[PDB]
Each structure stands twice: as structure tokens, then as C-alpha cells.
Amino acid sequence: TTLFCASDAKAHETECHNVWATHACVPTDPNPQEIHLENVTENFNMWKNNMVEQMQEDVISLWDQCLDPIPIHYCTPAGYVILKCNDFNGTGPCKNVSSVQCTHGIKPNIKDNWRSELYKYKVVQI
């Protein structure tokens, strides 16, 4: 699905992609949800992940109107949710999953610089 970004970017400020984020992202929630999965185990694959399809395109529009980096989060809408692995390299099963609304705060093929941190995350549809 199509995601959104959030950041704690300050509305008034000129560092190039603080500028982008203020006009691209919502303010960040200081209390996200991270719920322990009981009992169950889920299959991950960093290499088949359509979160590294959308991030990569926002870095395009970042530069497009560009002319200190801050943390950006990526998050899901209703009907969907992010499962995160608490175990793991990038592929195969994972017993300790928890569900999250957003990713961690990310300092910025740079797709795969993102996969260096993405690997733990995956989307599912309710």
C-alpha cells in the first residue's frame, strides 16, 4: 500500500530536507504502539519489500525542490500495519514479532542503504 511520513521537523526552518519534511510529513507522535505478538511466527523478506519502493521516490522529490539531517519515519494507514522482527538477517522466519504504526527515526543505490535498516519491517493488510 501507499505510506506516509512523519517527522518532528520544525515548521520554520531552512536546512534543505527539514524544508522538504515540513511540506511532506506530518508531526510525529511521541507515543507509538509496539505490541508483543503472542505465540505466532511470520516470514520476512527485505528483498521483496515495497517500503523500499516509496522511500526511494521521496528522496527524488527531496532533491527536486531541495535548492543537518533529521529523523524521518514511515507509517501505514488504516486497513494495514507494520510487523517488525525483534529476532535475523533480512530473510526467513522470525518468532518475536511486534506490530508498529511507524518505523524508527531514519537519518538519511541508496535504496539498499535503506535496506541496511529496513530489513526488520513488513506490511500486511487486514
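Position 1 is the first residue in the sequence shown; the rest follow in order.
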Would you class the number of unmodelled deposited residues between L67 and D68 as none, 1 to 3, 4 to 9, or 10 or more? 10 or more
Scan the PDB entry between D87 and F88 and report the missing deposited residues as one of none, 1 to 3, 4 to 9, 10 or more. 1 to 3
Comparing mean C-alpha B factor in the record for 12-20 and 109-117, the higher one is 109-117
Can you tell me whether 69-77 has a higher mean C-alpha B factor than 46-54 in this record, or the other way round? 46-54
Identity of residue with top Cα B-factor, from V59, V40, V26, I82: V40
Thinking about Cα B factors across the chain, which third does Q33 belong to? middle
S98: CA temperature factor from the record, placed by chain third, in the middle
